[PDB]
């Protein structure tokens, strides 16, 4: 995938290693993928495939990444972890919602980041943790 490229569909995507199926309704309050033990207030979704693939790859869990197309029941807002942080605005088109979402499809035709790019991201995040700089906004 290409960073900042909006998916053809305009649809909201959710990358995860959870075993979801079309027709599931997902409510907030599951555990963070980035800070063990943290109970989440939001569901995180995106309109770029690149951000969804990172969500699938970086999600906690055994088993492979999945990307779902989802329909929010309620309001969505910019995800502050990636908005006005490294870049101005929200170029990854990443959002979050306090209300449930429905799983309406599964994206089957994606490929992951090349392995050294995924390893660099993983290593970078462990480093931020080791330095106490991995602040999670939620």
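Positions refer to the first chain, counted from 1.
Per the PDB record, of the two stretches 13-21 and 123-131, 123-131 carries the greater mean B-factor over its C-alpha atoms.
The stretch with the higher mean CA B factor, choosing between 47-55 and 60-68, is 60-68. Sorting 26, 40, 107, 104 by the CA temperature factor given in the entry leaves 107 at the top. In the deposited entry, the Cα temperature factor of residue 80 places it in the lowest third of its chain's modelled residues. Compared with the other modelled residues of the chain, the Cα B-factor recorded for residue 112 ranks in the middle third. Split the chain's modelled residues into thirds by C-alpha temperature factor. Residue 88 is in the highest one.
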